[PDB]
$ cat start24.tsv   # TSV, N, CA and C atoms and all ligand atoms
chain	number	residue	atom	x	y	z
X	1	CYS	N	93.69	79.82	82.51
X	1	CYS	CA	93.85	79.42	83.90
X	1	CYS	C	93.61	80.58	84.86
X	2	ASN	N	94.60	80.98	85.66
X	2	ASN	CA	94.45	82.20	86.43
X	2	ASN	C	95.80	82.88	86.64
X	3	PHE	N	95.74	84.19	86.83
X	3	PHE	CA	96.85	84.97	87.34
X	3	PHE	C	97.17	84.55	88.77
X	4	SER	N	98.30	85.05	89.28
X	4	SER	CA	98.72	84.80	90.66
X	4	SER	C	98.95	83.30	90.90
X	5	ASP	N	100.07	82.83	90.35
X	5	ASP	CA	100.55	81.47	90.58
X	5	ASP	C	101.46	81.37	91.79
X	6	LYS	N	101.29	82.26	92.77
X	6	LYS	CA	102.20	82.36	93.91
X	6	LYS	C	101.40	82.87	95.10
X	7	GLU	N	101.58	82.23	96.26
X	7	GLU	CA	101.03	82.72	97.51
X	7	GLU	C	102.13	83.07	98.51
X	8	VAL	N	101.89	84.15	99.25
X	8	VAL	CA	102.73	84.60	100.36
X	8	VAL	C	101.86	84.71	101.60
X	9	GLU	N	102.30	84.10	102.70
X	9	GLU	CA	101.59	84.18	103.97
X	9	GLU	C	102.47	84.82	105.04
X	10	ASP	N	101.84	85.60	105.91
X	10	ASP	CA	102.44	86.07	107.16
X	10	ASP	C	102.92	84.92	108.04
X	11	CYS	N	104.00	85.19	108.77
X	11	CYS	CA	104.58	84.27	109.74
X	11	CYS	C	104.88	85.00	111.04
X	12	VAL	N	104.99	84.21	112.11
X	12	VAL	CA	105.68	84.61	113.33
X	12	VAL	C	106.99	83.85	113.40
X	13	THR	N	108.09	84.58	113.59
X	13	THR	CA	109.43	84.01	113.54
X	13	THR	C	110.22	84.47	114.75
X	14	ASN	N	110.76	83.52	115.51
X	14	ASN	CA	111.78	83.80	116.52
X	14	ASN	C	113.17	83.96	115.93
X	15	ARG	N	113.43	83.39	114.76
X	15	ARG	CA	114.77	83.39	114.19
X	15	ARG	C	115.33	84.81	114.13
X	16	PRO	N	116.61	85.00	114.44
X	16	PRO	CA	117.23	86.31	114.26
X	16	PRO	C	117.49	86.63	112.79
X	17	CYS	N	117.42	87.92	112.47
X	17	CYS	CA	117.74	88.43	111.14
X	17	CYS	C	118.88	89.44	111.23
X	18	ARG	N	119.93	89.22	110.45
X	18	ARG	CA	121.10	90.10	110.39
X	18	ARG	C	121.07	91.06	109.20
X	19	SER	N	119.89	91.35	108.65
X	19	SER	CA	119.74	92.18	107.46
X	19	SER	C	120.27	93.61	107.63
X	20	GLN	N	120.69	94.02	108.83
X	20	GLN	CA	121.15	95.39	109.05
X	20	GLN	C	122.55	95.59	108.47
X	21	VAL	N	122.62	95.54	107.14
X	21	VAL	CA	123.84	95.91	106.42
X	21	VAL	C	124.25	97.33	106.79
X	22	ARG	N	125.46	97.47	107.32
X	22	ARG	CA	125.94	98.75	107.84
X	22	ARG	C	126.03	99.81	106.74
X	23	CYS	N	125.72	101.05	107.10
X	23	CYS	CA	125.91	102.23	106.24
X	23	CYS	C	126.76	103.26	106.97
X	24	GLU	N	128.05	103.31	106.64
X	24	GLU	CA	128.90	104.41	107.08
X	24	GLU	C	128.46	105.75	106.52
X	25	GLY	N	127.81	105.77	105.35
X	25	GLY	CA	127.36	107.00	104.73
X	25	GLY	C	126.14	107.63	105.36
X	26	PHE	N	125.39	108.36	104.54
X	26	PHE	CA	124.09	108.91	104.91
X	26	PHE	C	122.97	108.01	104.42
X	27	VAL	N	122.15	107.52	105.34
X	27	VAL	CA	120.98	106.71	105.02
X	27	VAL	C	119.83	107.63	104.63
X	28	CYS	N	119.46	107.60	103.35
X	28	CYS	CA	118.34	108.39	102.85
X	28	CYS	C	117.06	108.08	103.63
X	29	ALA	N	116.35	109.14	104.01
X	29	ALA	CA	115.21	109.00	104.92
X	29	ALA	C	114.09	108.15	104.33
X	30	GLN	N	113.61	108.51	103.14
X	30	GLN	CA	112.51	107.75	102.54
X	30	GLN	C	112.99	106.50	101.81
X	31	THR	N	114.09	106.59	101.08
X	31	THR	CA	114.52	105.50	100.21
X	31	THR	C	115.49	104.55	100.90
X	32	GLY	N	116.18	105.01	101.94
X	32	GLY	CA	117.18	104.22	102.61
X	32	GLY	C	118.41	103.89	101.80
X	33	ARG	N	118.57	104.48	100.62
X	33	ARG	CA	119.83	104.37	99.91
X	33	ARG	C	120.94	104.87	100.83
X	34	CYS	N	122.08	104.19	100.81
X	34	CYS	CA	123.27	104.67	101.52
X	34	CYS	C	124.12	105.50	100.55
X	35	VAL	N	123.94	106.83	100.59
X	35	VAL	CA	124.77	107.76	99.82
X	35	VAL	C	126.01	108.12	100.61
X	36	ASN	N	127.12	108.31	99.90
X	36	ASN	CA	128.34	108.81	100.54
X	36	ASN	C	128.12	110.18	101.17
X	37	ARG	N	128.68	110.35	102.37
X	37	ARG	CA	128.52	111.58	103.14
X	37	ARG	C	128.94	112.82	102.36
X	38	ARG	N	129.87	112.67	101.41
X	38	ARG	CA	130.33	113.78	100.58
X	38	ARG	C	129.27	114.30	99.62
X	39	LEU	N	128.23	113.54	99.35
X	39	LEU	CA	127.23	113.92	98.36
X	39	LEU	C	126.11	114.78	98.94
X	40	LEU	N	126.11	115.03	100.25
X	40	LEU	CA	125.15	115.96	100.82
X	40	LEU	C	125.43	117.38	100.34
X	41	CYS	N	124.37	118.10	99.98
X	41	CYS	CA	124.45	119.54	99.72
X	41	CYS	C	125.34	119.86	98.52
X	42	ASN	N	125.47	118.92	97.60
X	42	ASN	CA	126.21	119.13	96.37
X	42	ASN	C	125.33	119.70	95.26
X	43	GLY	N	124.03	119.85	95.52
X	43	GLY	CA	123.07	120.31	94.55
X	43	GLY	C	122.44	119.23	93.70
X	44	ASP	N	122.76	117.97	93.94
X	44	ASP	CA	122.17	116.85	93.23
X	44	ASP	C	121.28	116.06	94.19
X	45	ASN	N	120.14	115.61	93.69
X	45	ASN	CA	119.29	114.69	94.45
X	45	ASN	C	119.89	113.29	94.33
X	46	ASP	N	120.83	112.98	95.22
X	46	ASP	CA	121.48	111.68	95.21
X	46	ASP	C	120.71	110.64	95.99
X	47	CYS	N	119.97	111.06	97.01
X	47	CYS	CA	118.92	110.24	97.60
X	47	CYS	C	117.65	110.32	96.75
X	48	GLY	N	116.55	109.82	97.30
X	48	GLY	CA	115.23	110.28	96.92
X	48	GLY	C	114.71	111.42	97.79
X	49	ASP	N	113.78	112.18	97.21
X	49	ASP	CA	113.11	113.28	97.90
X	49	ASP	C	114.09	114.30	98.49
Z	1	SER	N	132.11	104.81	125.71
Z	1	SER	CA	133.22	105.35	126.47
Z	1	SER	C	134.49	104.57	126.12
Z	2	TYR	N	135.64	105.20	126.33
Z	2	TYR	CA	136.91	104.53	126.14
Z	2	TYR	C	137.71	104.57	127.43
Z	3	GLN	N	138.53	103.53	127.62
Z	3	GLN	CA	139.44	103.48	128.75
Z	3	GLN	C	140.28	104.75	128.85
Z	4	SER	N	140.47	105.22	130.08
Z	4	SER	CA	141.46	106.25	130.35
Z	4	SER	C	142.86	105.69	130.08
Z	5	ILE	N	143.81	106.60	129.90
Z	5	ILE	CA	145.23	106.28	130.07
Z	5	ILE	C	145.51	106.26	131.57
Z	6	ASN	N	145.61	105.05	132.13
Z	6	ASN	CA	145.79	104.85	133.56
Z	6	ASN	C	147.23	104.56	133.96
Z	7	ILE	N	148.15	104.56	133.00
Z	7	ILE	CA	149.50	104.05	133.26
Z	7	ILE	C	150.18	104.89	134.34
Z	8	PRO	N	150.91	104.28	135.28
Z	8	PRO	CA	151.68	105.07	136.25
Z	8	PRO	C	152.81	105.85	135.59
Z	9	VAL	N	153.03	107.08	136.08
Z	9	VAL	CA	154.18	107.85	135.62
Z	9	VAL	C	155.45	107.26	136.20
Z	10	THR	N	156.40	106.94	135.32
Z	10	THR	CA	157.61	106.20	135.65
Z	10	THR	C	158.82	107.12	135.79
Z	11	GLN	N	159.83	106.62	136.49
Z	11	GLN	CA	161.05	107.38	136.77
Z	11	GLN	C	161.77	107.84	135.51
Z	12	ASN	N	161.63	107.12	134.40
Z	12	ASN	CA	162.15	107.56	133.11
Z	12	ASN	C	161.40	108.76	132.53
Z	13	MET	N	160.34	109.22	133.18
Z	13	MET	CA	159.55	110.36	132.72
Z	13	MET	C	159.89	111.66	133.44
Z	14	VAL	N	160.77	111.63	134.45
Z	14	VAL	CA	160.75	112.66	135.49
Z	14	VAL	C	161.04	114.06	134.96
Z	15	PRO	N	161.92	114.27	133.99
Z	15	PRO	CA	162.07	115.65	133.48
Z	15	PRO	C	160.78	116.15	132.88
Z	16	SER	N	160.22	115.39	131.95
Z	16	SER	CA	159.02	115.75	131.21
Z	16	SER	C	158.60	114.51	130.44
Z	17	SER	N	157.36	114.52	129.97
Z	17	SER	CA	156.91	113.54	129.00
Z	17	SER	C	155.95	114.20	128.03
Z	18	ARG	N	155.72	113.51	126.93
Z	18	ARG	CA	154.73	113.90	125.94
Z	18	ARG	C	153.85	112.69	125.68
Z	19	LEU	N	152.55	112.87	125.83
Z	19	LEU	CA	151.57	111.85	125.47
Z	19	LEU	C	151.04	112.19	124.09
Z	20	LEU	N	151.18	111.25	123.16
Z	20	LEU	CA	150.49	111.30	121.88
Z	20	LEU	C	149.47	110.17	121.81
Z	21	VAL	N	148.30	110.49	121.26
Z	21	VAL	CA	147.20	109.56	121.15
Z	21	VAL	C	146.71	109.60	119.71
Z	22	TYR	N	146.50	108.43	119.12
Z	22	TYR	CA	146.15	108.35	117.71
Z	22	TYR	C	145.27	107.14	117.45
Z	23	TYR	N	144.45	107.26	116.41
Z	23	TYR	CA	143.73	106.15	115.80
Z	23	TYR	C	143.60	106.41	114.30
Z	24	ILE	N	143.56	105.33	113.53
Z	24	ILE	CA	143.04	105.36	112.16
Z	24	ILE	C	141.61	104.84	112.16
Z	25	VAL	N	140.71	105.66	111.63
Z	25	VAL	CA	139.35	105.28	111.30
Z	25	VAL	C	139.22	105.27	109.78
Z	26	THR	N	138.67	104.19	109.24
Z	26	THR	CA	138.60	104.00	107.80
Z	26	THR	C	137.13	103.90	107.39
Z	27	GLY	N	136.41	105.00	107.62
Z	27	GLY	CA	135.05	105.12	107.14
Z	27	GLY	C	134.98	105.39	105.65
Z	28	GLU	N	133.84	105.04	105.07
Z	28	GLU	CA	133.72	104.90	103.63
Z	28	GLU	C	134.80	103.96	103.13
Z	29	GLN	N	135.63	104.40	102.18
Z	29	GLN	CA	136.74	103.60	101.68
Z	29	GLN	C	138.08	104.29	101.92
Z	30	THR	N	138.13	105.28	102.80
Z	30	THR	CA	139.28	106.15	102.94
Z	30	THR	C	139.69	106.23	104.41
Z	31	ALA	N	140.96	105.97	104.68
Z	31	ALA	CA	141.49	106.05	106.03
Z	31	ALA	C	141.89	107.48	106.37
Z	32	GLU	N	141.65	107.87	107.62
Z	32	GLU	CA	142.24	109.06	108.21
Z	32	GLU	C	143.00	108.66	109.46
Z	33	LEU	N	144.29	108.98	109.50
Z	33	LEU	CA	145.03	109.00	110.76
Z	33	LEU	C	144.62	110.21	111.59
Z	34	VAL	N	144.06	109.96	112.77
Z	34	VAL	CA	143.62	110.99	113.70
Z	34	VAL	C	144.49	110.92	114.94
Z	35	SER	N	144.96	112.07	115.42
Z	35	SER	CA	145.92	112.06	116.52
Z	35	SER	C	145.84	113.35	117.33
Z	36	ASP	N	146.31	113.26	118.57
Z	36	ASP	CA	146.48	114.40	119.46
Z	36	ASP	C	147.69	114.14	120.34
Z	37	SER	N	148.24	115.20	120.94
Z	37	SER	CA	149.25	115.03	121.97
Z	37	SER	C	149.14	116.14	123.01
Z	38	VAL	N	149.60	115.85	124.23
Z	38	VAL	CA	149.74	116.86	125.28
Z	38	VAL	C	151.11	116.75	125.95
Z	39	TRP	N	151.69	117.91	126.25
Z	39	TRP	CA	152.83	118.04	127.16
Z	39	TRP	C	152.48	117.61	128.58
Z	40	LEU	N	153.28	116.70	129.15
Z	40	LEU	CA	153.13	116.29	130.54
Z	40	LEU	C	154.32	116.78	131.35
Z	41	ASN	N	154.03	117.64	132.33
Z	41	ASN	CA	155.00	118.17	133.29
Z	41	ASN	C	155.18	117.22	134.47
Z	42	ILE	N	156.36	116.61	134.61
Z	42	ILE	CA	156.61	115.62	135.65
Z	42	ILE	C	157.63	116.19	136.63
Z	43	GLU	N	157.46	115.84	137.90
Z	43	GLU	CA	158.41	116.22	138.95
Z	43	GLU	C	159.83	115.75	138.67
Z	44	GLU	N	160.79	116.60	139.00
Z	44	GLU	CA	162.22	116.32	138.86
Z	44	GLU	C	162.76	115.35	139.91
Z	45	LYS	N	162.00	114.31	140.24
Z	45	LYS	CA	162.42	113.31	141.21
Z	45	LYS	C	163.66	112.57	140.73
Z	46	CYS	N	164.75	112.67	141.49
Z	46	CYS	CA	165.93	111.86	141.20
Z	46	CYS	C	165.63	110.38	141.35
Z	47	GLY	N	166.30	109.57	140.53
Z	47	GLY	CA	166.15	108.13	140.65
Z	47	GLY	C	166.83	107.56	141.88
Z	48	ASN	N	168.08	107.96	142.13
Z	48	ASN	CA	168.80	107.50	143.31
Z	48	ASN	C	168.55	108.36	144.55
Z	49	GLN	N	168.06	109.58	144.39
Z	49	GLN	CA	167.79	110.48	145.51
Z	49	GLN	C	168.93	110.48	146.53
Z	50	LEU	N	170.12	110.81	146.05
Z	50	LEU	CA	171.26	111.00	146.94
Z	50	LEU	C	171.07	112.24	147.80
Z	51	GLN	N	171.24	112.09	149.11
Z	51	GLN	CA	171.18	113.18	150.07
Z	51	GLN	C	172.40	113.16	150.98
Z	52	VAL	N	172.93	114.34	151.28
Z	52	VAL	CA	174.21	114.50	151.97
Z	52	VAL	C	174.00	115.47	153.13
Z	53	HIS	N	174.47	115.07	154.31
Z	53	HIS	CA	174.40	115.91	155.50
Z	53	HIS	C	175.59	115.61	156.40
Z	54	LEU	N	176.01	116.62	157.16
Z	54	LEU	CA	177.02	116.43	158.19
Z	54	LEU	C	176.41	115.87	159.46
Z	55	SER	N	177.20	115.05	160.17
Z	55	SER	CA	176.65	114.32	161.32
Z	55	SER	C	176.41	115.23	162.52
Z	56	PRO	N	177.40	115.97	163.02
Z	56	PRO	CA	177.08	117.03	163.97
Z	56	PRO	C	176.30	118.15	163.30
Z	57	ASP	N	175.64	118.96	164.13
Z	57	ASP	CA	174.88	120.09	163.64
Z	57	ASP	C	174.95	121.22	164.65
K	1	CA	CA	123.34	115.52	97.01

$ encode --input "start24.tsv" --output "structure tokens"
Amino acid sequence: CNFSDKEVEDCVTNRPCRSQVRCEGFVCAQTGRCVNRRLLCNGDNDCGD
Amino acid sequence: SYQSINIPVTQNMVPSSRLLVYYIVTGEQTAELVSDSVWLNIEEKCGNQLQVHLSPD
């Protein structure tokens, strides 16, 4: 048959999105992982990069 | 911004008062009680303000 049994299309949406899950910690710049503020400068790469 | 402490100074304060201000903030999973206080110097205004004088002078 064929690969790709799924299609995704772009949309325009007025609907609001609440995806902004809060991060009290440090939001990693590239990865956006929410690391605890205590893990900065501990010598471990707890974020990415 | 936060509201000022706007409360009027009351007659029960007149010798002196102490303002303490505090909040608990519970960031991450751990609470910290945060607080400050200042000494308030209030006028020695009497509540009844009794005054005495002789009628002739
Ligand atoms: Ca680290």

$ residues_near_ligand --input "start24.tsv" --ligand "ligand CA 1 (chain K)" --cutoff "7 Å" --atoms "all atoms listed in the file" --output "VMD selection string"
chain X and resid 38 to 47

$ atom_distance --input "start24.tsv" --atom1 "atom N of residue 21 in chain X" --atom2 "CA of residue 3 in chain Z"
28.5 Å

$ atom_distance --input "start24.tsv" --atom1 "atom N of residue 9 in chain Z" --atom2 "atom N of residue 23 in chain Z"
21.5 Å

$ select_by_dssp --input "start24.tsv" --residues "chain X" --states "strand (DSSP E)" --output "PyMOL selection string"
chain X and resi 26-27+34-35

$ axis_aligned_box --input "start24.tsv" --around "range 30-48 of chain X" --padding-each-side "5 Å" --output "JSON"
{"center_x": 121.4, "center_y": 112.1, "center_z": 98.2, "size_x": 27.8, "size_y": 26.4, "size_z": 19.9}

$ closest_atom_pairs --input "start24.tsv" --of "chain X" --to "chain Z" --cutoff "8 Å" --atoms "all atoms listed in the file" --output "Markdown table"
| residue | atom | partner | partner_atom | distance |
| --- | --- | --- | --- | --- |
| X:23 | C | Z:28 | N | 7.5 |
| X:24 | CA | Z:28 | N | 5.4 |
| X:25 | N | Z:28 | N | 6.1 |
| X:36 | CA | Z:28 | CA | 7.3 |
| X:37 | N | Z:28 | CA | 7.5 |

$ atom_distance --input "start24.tsv" --atom1 "atom C of residue 34 in chain X" --atom2 "CA of residue 24 in chain Z"
22.2 Å

$ residues_near_point --input "start24.tsv" --point "(150.8, 110.8, 125.8)" --cutoff "12 Å" --atoms "only C-alpha atoms" --output "NGL selection string"
:Z and (4-9 or 13 or 16-22 or 35-41)

$ decode --input "start24.tsv" --residues "range 2-43 of chain X" --atoms "N, CA and C atoms" --output "PDB file, in the first residue's frame"
ATOM      1  N   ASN X   2       0.750   2.110   1.025  1.00  0.00           N
ATOM      2  CA  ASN X   2       1.687   3.217   1.145  1.00  0.00           C
ATOM      3  C   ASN X   2       1.926   3.574   2.604  1.00  0.00           C
ATOM      4  N   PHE X   3       3.103   4.141   2.851  1.00  0.00           N
ATOM      5  CA  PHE X   3       3.408   4.823   4.095  1.00  0.00           C
ATOM      6  C   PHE X   3       2.516   6.056   4.246  1.00  0.00           C
ATOM      7  N   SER X   4       2.556   6.654   5.437  1.00  0.00           N
ATOM      8  CA  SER X   4       1.818   7.883   5.726  1.00  0.00           C
ATOM      9  C   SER X   4       0.307   7.668   5.591  1.00  0.00           C
ATOM     10  N   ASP X   5      -0.236   6.957   6.580  1.00  0.00           N
ATOM     11  CA  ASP X   5      -1.675   6.761   6.711  1.00  0.00           C
ATOM     12  C   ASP X   5      -2.342   7.862   7.529  1.00  0.00           C
ATOM     13  N   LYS X   6      -1.768   9.064   7.536  1.00  0.00           N
ATOM     14  CA  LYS X   6      -2.225  10.151   8.392  1.00  0.00           C
ATOM     15  C   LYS X   6      -1.919  11.464   7.688  1.00  0.00           C
ATOM     16  N   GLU X   7      -2.891  12.377   7.665  1.00  0.00           N
ATOM     17  CA  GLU X   7      -2.677  13.738   7.191  1.00  0.00           C
ATOM     18  C   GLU X   7      -2.907  14.754   8.301  1.00  0.00           C
ATOM     19  N   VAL X   8      -2.072  15.790   8.301  1.00  0.00           N
ATOM     20  CA  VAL X   8      -2.191  16.953   9.174  1.00  0.00           C
ATOM     21  C   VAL X   8      -2.242  18.203   8.305  1.00  0.00           C
ATOM     22  N   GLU X   9      -3.236  19.060   8.544  1.00  0.00           N
ATOM     23  CA  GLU X   9      -3.365  20.321   7.823  1.00  0.00           C
ATOM     24  C   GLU X   9      -3.303  21.499   8.786  1.00  0.00           C
ATOM     25  N   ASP X  10      -2.686  22.581   8.316  1.00  0.00           N
ATOM     26  CA  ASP X  10      -2.764  23.887   8.960  1.00  0.00           C
ATOM     27  C   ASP X  10      -4.200  24.379   9.118  1.00  0.00           C
ATOM     28  N   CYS X  11      -4.424  25.121  10.201  1.00  0.00           N
ATOM     29  CA  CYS X  11      -5.701  25.750  10.506  1.00  0.00           C
ATOM     30  C   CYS X  11      -5.486  27.198  10.921  1.00  0.00           C
ATOM     31  N   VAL X  12      -6.549  27.987  10.789  1.00  0.00           N
ATOM     32  CA  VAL X  12      -6.709  29.247  11.505  1.00  0.00           C
ATOM     33  C   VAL X  12      -7.750  29.045  12.597  1.00  0.00           C
ATOM     34  N   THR X  13      -7.396  29.410  13.829  1.00  0.00           N
ATOM     35  CA  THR X  13      -8.230  29.146  14.996  1.00  0.00           C
ATOM     36  C   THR X  13      -8.346  30.417  15.823  1.00  0.00           C
ATOM     37  N   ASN X  14      -9.584  30.841  16.084  1.00  0.00           N
ATOM     38  CA  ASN X  14      -9.859  31.853  17.097  1.00  0.00           C
ATOM     39  C   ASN X  14      -9.873  31.292  18.514  1.00  0.00           C
ATOM     40  N   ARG X  15     -10.115  29.997  18.672  1.00  0.00           N
ATOM     41  CA  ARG X  15     -10.275  29.412  19.994  1.00  0.00           C
ATOM     42  C   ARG X  15      -9.079  29.757  20.884  1.00  0.00           C
ATOM     43  N   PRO X  16      -9.302  30.071  22.160  1.00  0.00           N
ATOM     44  CA  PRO X  16      -8.178  30.260  23.085  1.00  0.00           C
ATOM     45  C   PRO X  16      -7.514  28.947  23.470  1.00  0.00           C
ATOM     46  N   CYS X  17      -6.207  29.024  23.719  1.00  0.00           N
ATOM     47  CA  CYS X  17      -5.420  27.898  24.206  1.00  0.00           C
ATOM     48  C   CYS X  17      -4.789  28.248  25.548  1.00  0.00           C
ATOM     49  N   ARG X  18      -5.016  27.398  26.553  1.00  0.00           N
ATOM     50  CA  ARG X  18      -4.465  27.566  27.895  1.00  0.00           C
ATOM     51  C   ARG X  18      -3.217  26.717  28.146  1.00  0.00           C
ATOM     52  N   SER X  19      -2.510  26.315  27.089  1.00  0.00           N
ATOM     53  CA  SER X  19      -1.348  25.433  27.199  1.00  0.00           C
ATOM     54  C   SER X  19      -0.208  25.994  28.046  1.00  0.00           C
ATOM     55  N   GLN X  20      -0.282  27.246  28.500  1.00  0.00           N
ATOM     56  CA  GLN X  20       0.811  27.853  29.265  1.00  0.00           C
ATOM     57  C   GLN X  20       0.831  27.314  30.699  1.00  0.00           C
ATOM     58  N   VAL X  21       1.159  26.025  30.805  1.00  0.00           N
ATOM     59  CA  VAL X  21       1.419  25.406  32.103  1.00  0.00           C
ATOM     60  C   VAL X  21       2.526  26.167  32.826  1.00  0.00           C
ATOM     61  N   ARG X  22       2.210  26.677  34.015  1.00  0.00           N
ATOM     62  CA  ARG X  22       3.127  27.531  34.762  1.00  0.00           C
ATOM     63  C   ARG X  22       4.405  26.788  35.150  1.00  0.00           C
ATOM     64  N   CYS X  23       5.528  27.511  35.128  1.00  0.00           N
ATOM     65  CA  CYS X  23       6.821  27.036  35.634  1.00  0.00           C
ATOM     66  C   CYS X  23       7.360  28.017  36.671  1.00  0.00           C
ATOM     67  N   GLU X  24       7.196  27.666  37.948  1.00  0.00           N
ATOM     68  CA  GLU X  24       7.874  28.387  39.020  1.00  0.00           C
ATOM     69  C   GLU X  24       9.390  28.262  38.932  1.00  0.00           C
ATOM     70  N   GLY X  25       9.898  27.174  38.356  1.00  0.00           N
ATOM     71  CA  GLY X  25      11.330  26.964  38.240  1.00  0.00           C
ATOM     72  C   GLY X  25      12.020  27.788  37.173  1.00  0.00           C
ATOM     73  N   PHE X  26      13.119  27.244  36.655  1.00  0.00           N
ATOM     74  CA  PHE X  26      13.834  27.808  35.515  1.00  0.00           C
ATOM     75  C   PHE X  26      13.408  27.100  34.235  1.00  0.00           C
ATOM     76  N   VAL X  27      12.883  27.869  33.285  1.00  0.00           N
ATOM     77  CA  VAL X  27      12.510  27.356  31.969  1.00  0.00           C
ATOM     78  C   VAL X  27      13.752  27.294  31.084  1.00  0.00           C
ATOM     79  N   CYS X  28      14.194  26.078  30.775  1.00  0.00           N
ATOM     80  CA  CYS X  28      15.335  25.872  29.893  1.00  0.00           C
ATOM     81  C   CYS X  28      15.128  26.562  28.550  1.00  0.00           C
ATOM     82  N   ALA X  29      16.166  27.262  28.090  1.00  0.00           N
ATOM     83  CA  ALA X  29      16.044  28.129  26.922  1.00  0.00           C
ATOM     84  C   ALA X  29      15.699  27.346  25.658  1.00  0.00           C
ATOM     85  N   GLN X  30      16.500  26.332  25.320  1.00  0.00           N
ATOM     86  CA  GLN X  30      16.240  25.572  24.099  1.00  0.00           C
ATOM     87  C   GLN X  30      15.183  24.492  24.296  1.00  0.00           C
ATOM     88  N   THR X  31      15.217  23.782  25.420  1.00  0.00           N
ATOM     89  CA  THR X  31      14.359  22.620  25.609  1.00  0.00           C
ATOM     90  C   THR X  31      13.045  22.967  26.291  1.00  0.00           C
ATOM     91  N   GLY X  32      13.000  24.070  27.031  1.00  0.00           N
ATOM     92  CA  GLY X  32      11.824  24.444  27.783  1.00  0.00           C
ATOM     93  C   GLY X  32      11.470  23.530  28.932  1.00  0.00           C
ATOM     94  N   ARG X  33      12.328  22.573  29.275  1.00  0.00           N
ATOM     95  CA  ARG X  33      12.130  21.828  30.508  1.00  0.00           C
ATOM     96  C   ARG X  33      12.054  22.817  31.664  1.00  0.00           C
ATOM     97  N   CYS X  34      11.157  22.559  32.609  1.00  0.00           N
ATOM     98  CA  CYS X  34      11.103  23.333  33.847  1.00  0.00           C
ATOM     99  C   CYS X  34      11.954  22.634  34.904  1.00  0.00           C
ATOM    100  N   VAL X  35      13.218  23.069  35.051  1.00  0.00           N
ATOM    101  CA  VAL X  35      14.105  22.579  36.103  1.00  0.00           C
ATOM    102  C   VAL X  35      13.909  23.404  37.367  1.00  0.00           C
ATOM    103  N   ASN X  36      14.028  22.749  38.520  1.00  0.00           N
ATOM    104  CA  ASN X  36      14.003  23.466  39.789  1.00  0.00           C
ATOM    105  C   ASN X  36      15.139  24.478  39.885  1.00  0.00           C
ATOM    106  N   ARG X  37      14.808  25.654  40.418  1.00  0.00           N
ATOM    107  CA  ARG X  37      15.757  26.759  40.522  1.00  0.00           C
ATOM    108  C   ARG X  37      17.033  26.370  41.261  1.00  0.00           C
ATOM    109  N   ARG X  38      16.950  25.387  42.159  1.00  0.00           N
ATOM    110  CA  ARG X  38      18.110  24.910  42.908  1.00  0.00           C
ATOM    111  C   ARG X  38      19.134  24.185  42.048  1.00  0.00           C
ATOM    112  N   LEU X  39      18.759  23.731  40.860  1.00  0.00           N
ATOM    113  CA  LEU X  39      19.642  22.935  40.022  1.00  0.00           C
ATOM    114  C   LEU X  39      20.532  23.775  39.118  1.00  0.00           C
ATOM    115  N   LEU X  40      20.381  25.095  39.124  1.00  0.00           N
ATOM    116  CA  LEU X  40      21.307  25.947  38.393  1.00  0.00           C
ATOM    117  C   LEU X  40      22.691  25.903  39.027  1.00  0.00           C
ATOM    118  N   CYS X  41      23.719  25.811  38.183  1.00  0.00           N
ATOM    119  CA  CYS X  41      25.106  25.979  38.616  1.00  0.00           C
ATOM    120  C   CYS X  41      25.546  24.903  39.602  1.00  0.00           C
ATOM    121  N   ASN X  42      24.912  23.739  39.545  1.00  0.00           N
ATOM    122  CA  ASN X  42      25.297  22.601  40.365  1.00  0.00           C
ATOM    123  C   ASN X  42      26.359  21.746  39.689  1.00  0.00           C
ATOM    124  N   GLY X  43      26.730  22.080  38.456  1.00  0.00           N
ATOM    125  CA  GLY X  43      27.676  21.315  37.675  1.00  0.00           C
ATOM    126  C   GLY X  43      27.079  20.205  36.841  1.00  0.00           C
TER     127      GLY X  43
END
